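*Asks:* Structure supplied as final-v2.cif; contents: mmCIF, N, CA and C atoms.
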```cif
data_coords
loop_
_atom_site.label_atom_id
_atom_site.label_comp_id
_atom_site.auth_asym_id
_atom_site.auth_seq_id
_atom_site.Cartn_x
_atom_site.Cartn_y
_atom_site.Cartn_z
N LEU Y 3 80.15 39.18 45.65
CA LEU Y 3 80.45 39.53 47.08
C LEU Y 3 81.06 38.32 47.74
N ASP Y 4 82.36 38.11 47.56
CA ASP Y 4 82.99 36.97 48.18
C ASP Y 4 83.83 37.34 49.42
N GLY Y 5 83.21 38.05 50.36
CA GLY Y 5 83.90 38.43 51.59
C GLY Y 5 83.66 39.82 52.18
N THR Y 6 83.51 39.87 53.50
CA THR Y 6 83.32 41.12 54.24
C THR Y 6 84.53 41.34 55.14
N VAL Y 7 85.20 42.47 54.98
CA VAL Y 7 86.37 42.75 55.79
C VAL Y 7 86.13 43.92 56.74
N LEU Y 8 86.67 43.81 57.94
CA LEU Y 8 86.53 44.86 58.94
C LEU Y 8 87.86 45.58 59.11
N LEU Y 9 87.87 46.87 58.79
CA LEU Y 9 89.06 47.71 58.89
C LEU Y 9 88.98 48.58 60.14
N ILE Y 10 89.87 48.29 61.09
CA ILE Y 10 89.92 49.03 62.35
C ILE Y 10 91.17 49.88 62.31
N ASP Y 11 91.00 51.16 62.02
CA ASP Y 11 92.14 52.05 61.90
C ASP Y 11 91.65 53.49 61.91
N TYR Y 12 92.30 54.31 62.73
CA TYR Y 12 91.99 55.73 62.90
C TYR Y 12 92.24 56.60 61.67
N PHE Y 13 93.19 56.18 60.85
CA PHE Y 13 93.61 56.91 59.66
C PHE Y 13 92.84 56.55 58.41
N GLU Y 14 92.03 57.47 57.92
CA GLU Y 14 91.23 57.20 56.73
C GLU Y 14 92.07 56.82 55.52
N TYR Y 15 93.18 57.52 55.31
CA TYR Y 15 94.02 57.20 54.16
C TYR Y 15 94.62 55.80 54.25
N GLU Y 16 94.85 55.30 55.47
CA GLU Y 16 95.38 53.95 55.58
C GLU Y 16 94.27 52.98 55.21
N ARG Y 17 93.05 53.27 55.63
CA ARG Y 17 91.93 52.40 55.31
C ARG Y 17 91.69 52.35 53.79
N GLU Y 18 91.75 53.52 53.14
CA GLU Y 18 91.55 53.60 51.70
C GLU Y 18 92.66 52.81 50.99
N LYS Y 19 93.88 52.98 51.46
CA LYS Y 19 95.02 52.29 50.89
C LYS Y 19 94.80 50.78 50.99
N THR Y 20 94.26 50.33 52.12
CA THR Y 20 94.00 48.91 52.33
C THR Y 20 92.90 48.37 51.41
N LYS Y 21 91.82 49.12 51.24
CA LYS Y 21 90.75 48.65 50.37
C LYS Y 21 91.25 48.47 48.94
N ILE Y 22 92.10 49.39 48.50
CA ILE Y 22 92.67 49.32 47.17
C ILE Y 22 93.41 48.01 46.93
N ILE Y 23 94.30 47.65 47.85
CA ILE Y 23 95.06 46.41 47.75
C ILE Y 23 94.12 45.23 47.49
N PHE Y 24 92.89 45.34 47.97
CA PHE Y 24 91.92 44.27 47.78
C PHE Y 24 91.38 44.18 46.35
N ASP Y 25 91.78 45.12 45.50
CA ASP Y 25 91.33 45.11 44.12
C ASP Y 25 91.91 43.90 43.40
N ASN Y 26 93.05 43.43 43.89
CA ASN Y 26 93.70 42.27 43.30
C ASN Y 26 93.25 40.99 43.98
N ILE Y 27 93.05 41.05 45.29
CA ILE Y 27 92.62 39.88 46.05
C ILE Y 27 91.26 39.34 45.58
N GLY Y 28 90.23 40.17 45.62
CA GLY Y 28 88.92 39.72 45.19
C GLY Y 28 87.87 40.80 45.32
N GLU Y 29 86.61 40.40 45.35
CA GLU Y 29 85.51 41.35 45.48
C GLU Y 29 85.04 41.27 46.93
N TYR Y 30 85.38 42.30 47.71
CA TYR Y 30 85.04 42.32 49.12
C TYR Y 30 84.22 43.49 49.61
N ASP Y 31 83.45 43.22 50.65
CA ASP Y 31 82.60 44.19 51.32
C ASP Y 31 83.45 44.76 52.47
N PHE Y 32 83.41 46.07 52.69
CA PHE Y 32 84.21 46.66 53.76
C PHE Y 32 83.41 47.39 54.84
N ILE Y 33 83.72 47.10 56.09
CA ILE Y 33 83.08 47.77 57.21
C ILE Y 33 84.19 48.50 57.93
N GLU Y 34 84.15 49.83 57.88
CA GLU Y 34 85.19 50.63 58.49
C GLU Y 34 84.87 51.13 59.90
N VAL Y 35 85.86 51.03 60.78
CA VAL Y 35 85.75 51.47 62.18
C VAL Y 35 86.85 52.50 62.39
N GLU Y 36 86.47 53.77 62.44
CA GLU Y 36 87.44 54.85 62.57
C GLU Y 36 87.93 55.20 63.96
N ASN Y 37 87.25 54.74 64.99
CA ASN Y 37 87.70 55.05 66.34
C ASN Y 37 87.09 54.13 67.38
N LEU Y 38 87.56 54.26 68.62
CA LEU Y 38 87.07 53.45 69.74
C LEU Y 38 85.56 53.46 69.82
N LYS Y 39 85.00 54.67 69.81
CA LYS Y 39 83.56 54.88 69.88
C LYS Y 39 82.80 54.10 68.82
N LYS Y 40 83.33 54.08 67.60
CA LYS Y 40 82.65 53.36 66.54
C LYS Y 40 82.73 51.86 66.78
N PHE Y 41 83.88 51.38 67.23
CA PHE Y 41 84.05 49.95 67.49
C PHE Y 41 83.03 49.41 68.49
N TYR Y 42 83.08 49.91 69.72
CA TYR Y 42 82.17 49.47 70.77
C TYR Y 42 80.72 49.67 70.39
N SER Y 43 80.48 50.67 69.57
CA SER Y 43 79.13 50.99 69.12
C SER Y 43 78.55 49.95 68.16
N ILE Y 44 79.37 49.04 67.65
CA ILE Y 44 78.87 48.06 66.70
C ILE Y 44 79.41 46.64 66.81
N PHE Y 45 80.49 46.45 67.55
CA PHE Y 45 81.05 45.12 67.59
C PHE Y 45 80.11 44.02 68.09
N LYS Y 46 79.07 44.39 68.82
CA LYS Y 46 78.14 43.37 69.28
C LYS Y 46 77.16 43.05 68.16
N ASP Y 47 77.22 43.82 67.08
CA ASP Y 47 76.34 43.59 65.93
C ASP Y 47 77.09 42.82 64.84
N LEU Y 48 78.41 42.77 64.94
CA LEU Y 48 79.22 42.07 63.96
C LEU Y 48 78.85 40.60 63.83
N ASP Y 49 78.58 40.20 62.59
CA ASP Y 49 78.22 38.83 62.31
C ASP Y 49 78.91 38.39 61.03
N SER Y 50 79.48 37.19 61.07
CA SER Y 50 80.16 36.61 59.92
C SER Y 50 81.14 37.53 59.19
N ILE Y 51 82.20 37.90 59.89
CA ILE Y 51 83.26 38.73 59.33
C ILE Y 51 84.30 37.74 58.84
N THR Y 52 84.69 37.83 57.57
CA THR Y 52 85.66 36.89 57.05
C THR Y 52 87.08 37.29 57.41
N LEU Y 53 87.30 38.57 57.66
CA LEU Y 53 88.64 39.02 58.00
C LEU Y 53 88.70 40.39 58.66
N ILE Y 54 89.49 40.46 59.73
CA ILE Y 54 89.68 41.71 60.46
C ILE Y 54 91.12 42.20 60.30
N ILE Y 55 91.27 43.44 59.84
CA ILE Y 55 92.59 44.03 59.68
C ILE Y 55 92.58 45.25 60.59
N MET Y 56 93.48 45.27 61.58
CA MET Y 56 93.50 46.39 62.50
C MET Y 56 94.87 46.90 62.91
N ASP Y 57 94.89 48.15 63.35
CA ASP Y 57 96.10 48.80 63.84
C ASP Y 57 95.98 48.77 65.37
N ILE Y 58 96.83 48.00 66.06
CA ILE Y 58 96.74 47.92 67.52
C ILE Y 58 96.85 49.26 68.20
N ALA Y 59 97.50 50.21 67.55
CA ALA Y 59 97.62 51.55 68.11
C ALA Y 59 96.24 52.15 67.77
N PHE Y 60 95.27 51.89 68.64
CA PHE Y 60 93.91 52.33 68.40
C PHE Y 60 93.24 53.09 69.55
N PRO Y 61 93.65 54.35 69.79
CA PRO Y 61 94.69 55.12 69.09
C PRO Y 61 96.08 54.77 69.66
N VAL Y 62 96.09 54.14 70.83
CA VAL Y 62 97.33 53.68 71.47
C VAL Y 62 97.18 52.18 71.72
N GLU Y 63 98.33 51.50 71.77
CA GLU Y 63 98.39 50.05 71.95
C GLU Y 63 97.52 49.48 73.07
N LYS Y 64 97.53 50.10 74.23
CA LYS Y 64 96.72 49.61 75.33
C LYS Y 64 95.24 49.56 74.93
N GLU Y 65 94.79 50.49 74.09
CA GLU Y 65 93.38 50.49 73.67
C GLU Y 65 93.15 49.43 72.61
N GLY Y 66 94.08 49.31 71.67
CA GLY Y 66 93.97 48.31 70.62
C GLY Y 66 93.96 46.90 71.20
N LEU Y 67 94.82 46.68 72.19
CA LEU Y 67 94.90 45.38 72.84
C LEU Y 67 93.54 45.05 73.48
N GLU Y 68 92.93 46.02 74.14
CA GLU Y 68 91.64 45.79 74.78
C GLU Y 68 90.60 45.40 73.74
N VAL Y 69 90.65 46.08 72.59
CA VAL Y 69 89.74 45.82 71.49
C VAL Y 69 89.98 44.40 71.01
N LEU Y 70 91.26 44.05 70.83
CA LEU Y 70 91.62 42.72 70.37
C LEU Y 70 90.98 41.68 71.30
N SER Y 71 91.18 41.85 72.61
CA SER Y 71 90.62 40.95 73.59
C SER Y 71 89.11 40.86 73.41
N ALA Y 72 88.45 42.02 73.34
CA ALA Y 72 87.01 42.05 73.16
C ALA Y 72 86.59 41.23 71.94
N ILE Y 73 87.37 41.36 70.87
CA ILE Y 73 87.09 40.63 69.65
C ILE Y 73 87.19 39.12 69.87
N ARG Y 74 88.25 38.69 70.55
CA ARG Y 74 88.45 37.27 70.82
C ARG Y 74 87.45 36.70 71.82
N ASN Y 75 86.96 37.52 72.75
CA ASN Y 75 86.02 37.02 73.73
C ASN Y 75 84.57 37.19 73.32
N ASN Y 76 84.37 37.72 72.12
CA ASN Y 76 83.03 37.92 71.60
C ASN Y 76 82.70 36.70 70.77
N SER Y 77 81.63 36.01 71.13
CA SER Y 77 81.20 34.79 70.45
C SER Y 77 81.21 34.83 68.92
N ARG Y 78 80.45 35.77 68.35
CA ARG Y 78 80.35 35.91 66.90
C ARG Y 78 81.63 36.30 66.16
N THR Y 79 82.73 36.51 66.89
CA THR Y 79 84.00 36.90 66.26
C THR Y 79 85.23 36.27 66.91
N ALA Y 80 85.03 35.33 67.83
CA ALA Y 80 86.14 34.69 68.54
C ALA Y 80 87.20 34.01 67.67
N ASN Y 81 86.81 33.50 66.50
CA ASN Y 81 87.77 32.80 65.64
C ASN Y 81 88.05 33.55 64.35
N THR Y 82 87.38 34.69 64.18
CA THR Y 82 87.58 35.50 63.00
C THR Y 82 89.06 35.83 62.89
N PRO Y 83 89.68 35.53 61.74
CA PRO Y 83 91.11 35.80 61.54
C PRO Y 83 91.42 37.29 61.56
N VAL Y 84 92.44 37.64 62.34
CA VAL Y 84 92.84 39.03 62.50
C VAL Y 84 94.25 39.26 61.97
N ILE Y 85 94.42 40.29 61.16
CA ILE Y 85 95.73 40.65 60.63
C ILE Y 85 96.05 42.01 61.19
N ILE Y 86 97.12 42.10 61.97
CA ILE Y 86 97.48 43.38 62.52
C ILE Y 86 98.49 44.05 61.61
N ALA Y 87 98.18 45.28 61.21
CA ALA Y 87 99.03 46.09 60.36
C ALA Y 87 99.12 47.38 61.17
N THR Y 88 100.31 47.69 61.68
CA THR Y 88 100.47 48.86 62.52
C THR Y 88 101.73 49.71 62.33
N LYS Y 89 101.62 50.95 62.80
CA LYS Y 89 102.70 51.92 62.68
C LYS Y 89 103.62 51.80 63.92
N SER Y 90 103.04 51.23 64.97
CA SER Y 90 103.78 51.09 66.20
C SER Y 90 104.61 49.81 66.15
N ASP Y 91 105.86 49.92 66.61
CA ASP Y 91 106.77 48.78 66.67
C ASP Y 91 107.34 48.56 68.06
N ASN Y 92 106.60 49.01 69.08
CA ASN Y 92 107.02 48.79 70.46
C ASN Y 92 107.03 47.26 70.52
N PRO Y 93 108.13 46.68 71.02
CA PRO Y 93 108.31 45.23 71.13
C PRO Y 93 107.32 44.56 72.09
N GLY Y 94 107.16 45.13 73.28
CA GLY Y 94 106.26 44.55 74.26
C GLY Y 94 104.79 44.52 73.86
N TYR Y 95 104.33 45.55 73.17
CA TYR Y 95 102.94 45.62 72.76
C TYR Y 95 102.65 44.59 71.67
N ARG Y 96 103.63 44.37 70.79
CA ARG Y 96 103.53 43.38 69.72
C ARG Y 96 103.47 41.99 70.35
N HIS Y 97 104.41 41.75 71.26
CA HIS Y 97 104.51 40.48 71.96
C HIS Y 97 103.20 40.20 72.69
N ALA Y 98 102.66 41.23 73.33
CA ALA Y 98 101.41 41.10 74.06
C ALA Y 98 100.25 40.78 73.11
N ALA Y 99 100.29 41.37 71.92
CA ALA Y 99 99.25 41.17 70.94
C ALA Y 99 99.19 39.74 70.46
N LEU Y 100 100.35 39.09 70.34
CA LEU Y 100 100.40 37.71 69.87
C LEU Y 100 99.78 36.70 70.82
N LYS Y 101 99.59 37.08 72.09
CA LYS Y 101 99.00 36.16 73.05
C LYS Y 101 97.54 35.91 72.68
N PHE Y 102 96.87 36.91 72.11
CA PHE Y 102 95.52 36.67 71.63
C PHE Y 102 96.06 36.13 70.33
N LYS Y 103 95.34 35.28 69.63
CA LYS Y 103 95.91 34.74 68.41
C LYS Y 103 95.56 35.60 67.20
N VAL Y 104 96.57 35.97 66.41
CA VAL Y 104 96.36 36.78 65.23
C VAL Y 104 97.15 36.09 64.14
N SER Y 105 96.70 36.24 62.89
CA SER Y 105 97.33 35.60 61.73
C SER Y 105 98.59 36.26 61.22
N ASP Y 106 98.82 37.52 61.59
CA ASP Y 106 100.01 38.23 61.13
C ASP Y 106 100.18 39.55 61.85
N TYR Y 107 101.40 40.09 61.79
CA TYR Y 107 101.74 41.36 62.40
C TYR Y 107 102.60 42.07 61.39
N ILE Y 108 102.07 43.15 60.83
CA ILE Y 108 102.76 43.90 59.80
C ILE Y 108 103.03 45.33 60.25
N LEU Y 109 104.25 45.79 60.00
CA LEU Y 109 104.65 47.15 60.36
C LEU Y 109 104.49 48.14 59.20
N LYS Y 110 104.12 49.37 59.54
CA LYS Y 110 103.93 50.41 58.54
C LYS Y 110 105.13 51.34 58.53
N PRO Y 111 105.57 51.77 57.34
CA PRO Y 111 104.96 51.39 56.05
C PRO Y 111 105.33 49.97 55.63
N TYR Y 112 104.51 49.39 54.76
CA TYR Y 112 104.76 48.05 54.27
C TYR Y 112 104.52 48.03 52.77
N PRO Y 113 105.38 47.33 52.01
CA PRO Y 113 105.15 47.32 50.57
C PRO Y 113 103.75 46.74 50.31
N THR Y 114 103.02 47.36 49.38
CA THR Y 114 101.67 46.92 49.06
C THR Y 114 101.70 45.49 48.57
N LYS Y 115 102.80 44.80 48.83
CA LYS Y 115 102.92 43.42 48.39
C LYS Y 115 102.85 42.55 49.65
N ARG Y 116 103.37 43.10 50.75
CA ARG Y 116 103.42 42.42 52.04
C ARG Y 116 102.04 41.99 52.54
N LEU Y 117 101.08 42.90 52.44
CA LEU Y 117 99.71 42.66 52.89
C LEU Y 117 98.96 41.69 52.00
N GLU Y 118 99.16 41.84 50.69
CA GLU Y 118 98.51 40.99 49.69
C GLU Y 118 98.72 39.52 50.00
N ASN Y 119 99.98 39.11 50.12
CA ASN Y 119 100.32 37.72 50.42
C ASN Y 119 99.64 37.28 51.71
N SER Y 120 99.86 38.07 52.76
CA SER Y 120 99.28 37.79 54.07
C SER Y 120 97.81 37.43 53.93
N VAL Y 121 97.03 38.31 53.31
CA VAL Y 121 95.61 38.06 53.12
C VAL Y 121 95.40 36.72 52.41
N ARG Y 122 96.08 36.56 51.28
CA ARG Y 122 95.99 35.34 50.47
C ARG Y 122 96.33 34.08 51.25
N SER Y 123 97.34 34.15 52.10
CA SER Y 123 97.71 32.99 52.89
C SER Y 123 96.56 32.79 53.86
N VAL Y 124 96.47 33.70 54.83
CA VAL Y 124 95.44 33.67 55.87
C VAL Y 124 94.06 33.22 55.37
N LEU Y 125 93.71 33.60 54.14
CA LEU Y 125 92.40 33.25 53.59
C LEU Y 125 92.37 32.09 52.57
N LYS Y 126 93.54 31.61 52.13
CA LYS Y 126 93.66 30.54 51.12
C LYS Y 126 93.34 31.20 49.78
N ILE Y 127 93.74 30.65 48.63
CA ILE Y 127 93.42 31.41 47.41
C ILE Y 127 93.89 30.81 46.08
#
```
With the file now loaded, output its structure as structure tokens.
*Replies:*
Amino acid sequence: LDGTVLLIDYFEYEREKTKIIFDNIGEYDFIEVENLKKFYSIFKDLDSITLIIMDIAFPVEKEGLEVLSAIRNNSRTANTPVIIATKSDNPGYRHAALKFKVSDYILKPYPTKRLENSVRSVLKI
């Protein structure tokens, strides 16, 4: 068990696709958050998350951004590295997302190679 990852994404198939990519990265624990309700219902319980991968469109950018902020202003997760992988490519929402600090911004679809490197860089390897 060399890592716990938090997947914030409404789409189950995207989450499954993401866990798979981790078969090459390493042996990781996954905590899935399928919607707003699930996030707020547990983010105050989050402890020692090695990596957060989320879709800012949660379900819409304004909600994802709020979640992002909550994550950054939450003590136990303020520095936790966040990788944004999203289907939305609105320029302003992306730009706004970068103001909170995130390790990467990936657009969907993305070659299952794009995410792999990102994780490896962001996490060292």
*Asks:* Give me, as a PyMOL selection string, the residues of chain Y that a backbone DSSP run labels alpha helix (DSSP H).
*Replies:* chain Y and resi 14-27+38-42+63-75+93-101+116-125
*Asks:* Translate the PyMOL selection byres (((chain Y and resi 66-79 and name CA) around 9) and name CA), as applied to the file shown, into an explicit residue set as a PyMOL selection string.
*Replies:* chain Y and resi 38+41-42+45-51+56-65+80-84+95+98-99+102-103
*Asks:* Give me the result of the PyMOL selection byres ((chain Y and resi 88) around 7) on this file, residue by residue, as a list in words.
*Replies:*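 When the PyMOL selection byres ((chain Y and resi 88) around 7) is applied, the selected residues are residues 56, 57, 58, 59, 86, 87, 89, 90, 91, 107, 108, 109, 110 and 111 of chain Y.
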*Asks:* Write to file, as a PDB file, in the coordinates of the input, the residues of the selection just made, with N, CA and C atoms.
*Replies:*
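Result file follows (again-v1.pdb):
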```pdb
ATOM      1  N   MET Y  56      93.480  45.270  61.580  1.00  0.00           N
ATOM      2  CA  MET Y  56      93.500  46.390  62.500  1.00  0.00           C
ATOM      3  C   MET Y  56      94.870  46.900  62.910  1.00  0.00           C
ATOM      4  N   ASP Y  57      94.890  48.150  63.350  1.00  0.00           N
ATOM      5  CA  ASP Y  57      96.100  48.800  63.840  1.00  0.00           C
ATOM      6  C   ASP Y  57      95.980  48.770  65.370  1.00  0.00           C
ATOM      7  N   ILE Y  58      96.830  48.000  66.060  1.00  0.00           N
ATOM      8  CA  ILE Y  58      96.740  47.920  67.520  1.00  0.00           C
ATOM      9  C   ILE Y  58      96.850  49.260  68.200  1.00  0.00           C
ATOM     10  N   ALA Y  59      97.500  50.210  67.550  1.00  0.00           N
ATOM     11  CA  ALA Y  59      97.620  51.550  68.110  1.00  0.00           C
ATOM     12  C   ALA Y  59      96.240  52.150  67.770  1.00  0.00           C
ATOM     13  N   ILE Y  86      97.120  42.100  61.970  1.00  0.00           N
ATOM     14  CA  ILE Y  86      97.480  43.380  62.520  1.00  0.00           C
ATOM     15  C   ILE Y  86      98.490  44.050  61.610  1.00  0.00           C
ATOM     16  N   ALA Y  87      98.180  45.280  61.210  1.00  0.00           N
ATOM     17  CA  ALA Y  87      99.030  46.090  60.360  1.00  0.00           C
ATOM     18  C   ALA Y  87      99.120  47.380  61.170  1.00  0.00           C
ATOM     19  N   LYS Y  89     101.620  50.950  62.800  1.00  0.00           N
ATOM     20  CA  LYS Y  89     102.700  51.920  62.680  1.00  0.00           C
ATOM     21  C   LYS Y  89     103.620  51.800  63.920  1.00  0.00           C
ATOM     22  N   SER Y  90     103.040  51.230  64.970  1.00  0.00           N
ATOM     23  CA  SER Y  90     103.780  51.090  66.200  1.00  0.00           C
ATOM     24  C   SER Y  90     104.610  49.810  66.150  1.00  0.00           C
ATOM     25  N   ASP Y  91     105.860  49.920  66.610  1.00  0.00           N
ATOM     26  CA  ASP Y  91     106.770  48.780  66.670  1.00  0.00           C
ATOM     27  C   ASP Y  91     107.340  48.560  68.060  1.00  0.00           C
ATOM     28  N   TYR Y 107     101.400  40.090  61.790  1.00  0.00           N
ATOM     29  CA  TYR Y 107     101.740  41.360  62.400  1.00  0.00           C
ATOM     30  C   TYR Y 107     102.600  42.070  61.390  1.00  0.00           C
ATOM     31  N   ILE Y 108     102.070  43.150  60.830  1.00  0.00           N
ATOM     32  CA  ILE Y 108     102.760  43.900  59.800  1.00  0.00           C
ATOM     33  C   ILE Y 108     103.030  45.330  60.250  1.00  0.00           C
ATOM     34  N   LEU Y 109     104.250  45.790  60.000  1.00  0.00           N
ATOM     35  CA  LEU Y 109     104.650  47.150  60.360  1.00  0.00           C
ATOM     36  C   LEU Y 109     104.490  48.140  59.200  1.00  0.00           C
ATOM     37  N   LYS Y 110     104.120  49.370  59.540  1.00  0.00           N
ATOM     38  CA  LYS Y 110     103.930  50.410  58.540  1.00  0.00           C
ATOM     39  C   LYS Y 110     105.130  51.340  58.530  1.00  0.00           C
ATOM     40  N   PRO Y 111     105.570  51.770  57.340  1.00  0.00           N
ATOM     41  CA  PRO Y 111     104.960  51.390  56.050  1.00  0.00           C
ATOM     42  C   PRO Y 111     105.330  49.970  55.630  1.00  0.00           C
TER      43      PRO Y 111
END
```
*Asks:* I need the residues of range 89-120 of chain Y that end up classed as strand (DSSP E or B) by DSSP on the backbone, written out as a list in words.
*Replies:* residues 106, 107, 108 and 109 of chain Y
*Asks:* Taking every listed atom of range 43-48 of chain Y and adding 5 Å to each side, what centre and edge lengths in Å (one decimal) does the axis-aligned box have, as JSON?
*Replies:*
```
{"center_x": 78.7, "center_y": 45.8, "center_z": 66.7, "size_x": 14.7, "size_y": 20.4, "size_z": 15.7}
```
*Asks:* State, in Å with one decimal place, the distance from CA of residue 24 in chain Y to atom N of residue 93 in chain Y.
*Replies:*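 So the answer is 28.4 Å.
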*Asks:* Pick from Y:124, Y:36, Y:101, Y:92: nearest to residue 14 in chain Y, with only N, CA and C atoms counted?
*Replies:*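 Going through Y:124, Y:36, Y:101, Y:92 one by one, the smallest distance to residue 14 in chain Y is for Y:36.
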*Asks:* Report as a list in words all protein, DNA and RNA residues lying within 5 Å of residue 85 in chain Y, evaluated on all atoms listed in the file, omitting residues in the same chain fewer than 5 positions from it.
*Replies:*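 Neighbouring residues, sequence-local ones excluded: residues 54, 55, 56, 105 and 106 of chain Y.
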*Asks:* If we count only C-alpha atoms and set the cut-off at 7 Å, which residues sit around residue 34 in chain Y, ignoring sequence neighbours fewer than 5 positions away in its own chain? Please answer as a VMD selection string.
*Replies:* chain Y and resid 8 to 10
*Asks:* Find the distance between atom N of residue 126 in chain Y and atom C of residue 15 in chain Y and write it in Å to one decimal.
*Replies:*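 Interatomic distance here is 24.3 Å.
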*Asks:* Between CA of residue 4 in chain Y and CA of residue 22 in chain Y, what is the distance in Å, rounded to a tenth?
*Replies:* 15.7 Å
*Asks:* Apply the PyMOL selection byres (((chain Y and resi 23 and name CA) around 12) and name CA) to the displayed file and report the matching residues as a PyMOL selection string.
*Replies:* chain Y and resi 16-22+24-30+112-122
